[PDB]
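Asks: Below is a structure I'd like to ask you about.
Each answer follows from the model by the rule given with it, or from the source it names; nothing here is a laboratory result. Note that we place each Cβ from the backbone using ideal geometry, even for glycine, and neighbour counts take in every protein chain shown.
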Amino acid sequence: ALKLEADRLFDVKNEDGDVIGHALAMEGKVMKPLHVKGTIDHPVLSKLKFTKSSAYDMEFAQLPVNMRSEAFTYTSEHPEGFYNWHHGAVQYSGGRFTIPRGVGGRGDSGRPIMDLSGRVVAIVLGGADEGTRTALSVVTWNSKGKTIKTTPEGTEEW
């Protein structure tokens with residue numbers, strides 16, 4: 001098994017070039033958390049006209065006809081249990097996505113949480129530590145395509 005995947009996850013860098021977040025190609029668009037102020041490290045994507053959505057901390061542009069194929073697929077059905085992401089396992093219970101304490105931080109905004117069939121279930125924005133875990137502030141869409149944002153008490157944007 002070789003992890004040969006399309007180009008869908010992109011870095012957003014700050015003025016001196018530090019990775020401060022992530023952008024993703026999904027459902028025909030390139031989206032990135034609005035709070036992440038930097039540039040998408042991509043010669044084509046960085047020149048697109050992005051549309052702001054402050055109510056959801058989202059910013060998006062339309063995928064160039066070509067790249068439209070190189071993208072993730074979303075899914076609004078997330079039964080409780082475990083999910084995957086860059087750092088390992090993400091748990092979903094009580095309507096909340098949690099990871100262990102001390103794992104999330106700067107650079108993790110824009111990162112997707114996915115299921116075993118490789119579909120995106122959510123996009124990470126920040127986290128609020130509660131006891132031995134961290135409750136994630138994520139963006140998700142429902143069955144009727146409505147964007148939804150969940151933000152725990154005391155959430156700190158990553």
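Asks: Going through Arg96, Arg106, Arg111, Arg68 one at a time, which residue ends up being within 12 Å of the chain's Cα centre (by Cα) and among the basic types (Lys, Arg)?
Replies: Only one candidate qualifies: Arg111.
Asks: To continue, here is another question. Can you tell me how many residues within segment 6-21 are assigned to a loop (DSSP other than H, G, I, E, B) and either outside the structural domain of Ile40 (by CATH) or within 17 Å of the chain's Cα centre (by Cα) (or both)?
Replies: Looking only at that region, the number is 3.
Asks: Search segment 36-90 for residues being outside any loop (DSSP other than H, G, I, E, B) and basic (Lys, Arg), and hand back the single one that is surrounded by the most Cβ atoms within 10 Å (Cβ to Cβ).
Replies: Filtering segment 36-90 for residues that are outside any loop (DSSP other than H, G, I, E, B) and basic (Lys, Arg), the one surrounded by the most Cβ atoms within 10 Å (Cβ to Cβ) comes out as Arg68.
Asks: Pairs only if they're at least six apart or on different chains, beta carbon under 7 angstrom, first in segment 77-97 and assigned by CATH to the domain that holds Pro152 and under 14 Å from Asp108 (Cα atoms), second part of a loop (DSSP other than H, G, I, E, B) and of a type outside the set (S, T, N, Q); list them, first residue then second.
Replies: Here the result reads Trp85/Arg111; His86/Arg111; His87/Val103, each pair linking segment 77-97 to a residue that is part of a loop (DSSP other than H, G, I, E, B) and of a type outside the set (S, T, N, Q).
Asks: When segment 1-20 is examined, which residues are found to be β-branched (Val, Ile, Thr) and buried (at least 16 other Cβ atoms within 10 Å of the Cβ)?
Replies: Correct list: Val12, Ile20.
Asks: Restricting the first residue to segment 1-22 and requiring it to be in contact (Cβ under 8 Å) with a residue 12 or more places away in the chain and farther than 21 Å from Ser109 by Cβ, which pairs with a second residue that is surrounded by 11 or more Cβ atoms within 10 Å (Cβ to Cβ) and not aromatic (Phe, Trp, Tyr) meet a Cβ separation below 9 Å and a spacing of at least six or different chains?
Replies: Taking only residues 6 or more apart or on different chains, the pairs are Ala6/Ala25; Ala6/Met67; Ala6/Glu70; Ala6/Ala71.
Asks: When only residues in segment 134-156 that are touching a residue at least 60 places away in the same chain (Cβ under 8 Å) and out of contact with any helix residue (DSSP H, G or I) (no Cβ under 9 Å at 6 or more places or on another chain) count, which is surrounded by the fewest Cβ atoms within 10 Å (Cβ to Cβ)?
Replies: Only one residue fits best here, namely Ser143.
Asks: Being farther than 14 Å from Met31 by Cβ and either exposed (fewer than 14 other Cβ atoms within 10 Å of the Cβ) or touching a residue at least 60 places away in the same chain (Cβ under 8 Å) (or both) is the filter here; which residues of segment 109-133 pass it?
Replies: Within segment 109-133, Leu116, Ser117, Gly118, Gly131, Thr132 meet the criteria.
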